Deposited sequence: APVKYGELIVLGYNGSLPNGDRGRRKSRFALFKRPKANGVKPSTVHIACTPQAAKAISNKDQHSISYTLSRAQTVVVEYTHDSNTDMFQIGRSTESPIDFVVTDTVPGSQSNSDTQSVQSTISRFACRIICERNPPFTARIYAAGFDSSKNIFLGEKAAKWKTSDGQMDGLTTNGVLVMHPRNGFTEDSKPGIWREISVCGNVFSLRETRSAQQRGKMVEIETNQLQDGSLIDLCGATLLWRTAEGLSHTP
C-alpha cells in the first residue's frame, strides 16, 4: 500500500449529522510533484515570460504597482508531494471544498506540501497554483519584502491555522511562503498582522484549517 500522509475532515456548518466528500486522505504519490522556490524576476525578461506562460512551469507573480511585477519561479522538488484545496473543481484541486452563488472561499485556496521521507512532515502555504501552474497576487493584496530581500504576501481573505500545541487555542495566519502571522484587524484588511517567530506552518495532528467558509481538521 502507499503511505498515508494524513486526512482532512471537513467540519460542517449545517448542524446536520457528520457525513460519510467530508473526508479526504492524502497519499504518497508515485512520482514527486512538489515544487520549491527558485529564480526571482524583477522585469519581463524572456525567462520570466516563459515561467508565467509555460504550463509546465510554476510561477507566483507579485503585483507591486502598475509598472512592477515580481515573478518568482517554483522548480520541481523531488523530496515532496503537493496537494491543493479549494472551491474550484479543476485538475489542480485535490480536494474540492464548498460553502456550508457568491463564495469567499478561494478556487485555489492553499497547498499542503508533504515530505516524501519519514516522518512525512506536512506544511501549509496560502494560495494554490491554478491550471496555468500560476499564482497571482494583485496590487491590492498585502505583500512585503522580507529581511533577506524576498517577496511574501497574503491572499485576500487569507488562510488561518490553529495548532494544538505551541513550540490557549489561538488562530494564526499563513502566508504564501509559509510564514506565520497574528490575525489581521479585519478578515480582508490590506494590512498584515505581526510576524510570529516560534510557530511554524507545520500541520500537527489535530491542526485546524480555516479557508473563509470552510473549516478543516487535519489528522496525522
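- Unmodelled regions of the deposited sequence, numbered from residue 1: 21-25, 106-117, 185-190, 244-251.
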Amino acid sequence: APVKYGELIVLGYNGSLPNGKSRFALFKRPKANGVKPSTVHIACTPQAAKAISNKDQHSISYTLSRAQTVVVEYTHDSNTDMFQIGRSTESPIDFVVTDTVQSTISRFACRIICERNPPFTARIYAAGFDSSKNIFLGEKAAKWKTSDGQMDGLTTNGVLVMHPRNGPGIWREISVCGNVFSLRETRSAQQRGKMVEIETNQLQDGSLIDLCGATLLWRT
From here on, numbers count along this sequence of modelled residues.
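- When the mean C-alpha temperature factors of 102-110 and 133-141 are read from the deposited coordinates, 102-110 comes out higher.
- Averaged over Cα atoms, the B-factor as recorded in the entry is higher for 74-82 than for the other of 74-82 and 121-129.
- Out of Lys194, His41, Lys31, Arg172, it is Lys31 whose C-alpha atom has the highest B-factor in the PDB entry.
- For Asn179, the recorded CA temperature factor ranks within the lowest third of the chain's modelled residues.
- When all modelled residues of the chain are sorted by CA temperature factor, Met151 is found within the middle third.
- Among all modelled residues in its chain, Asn201 ranks in the lowest third by Cα B-factor.
- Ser61: CA B factor lies in the lowest third for its chain, per the PDB record.
- When the modelled residues of the chain are ordered by their C-alpha B factor, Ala49 lands in the highest third.
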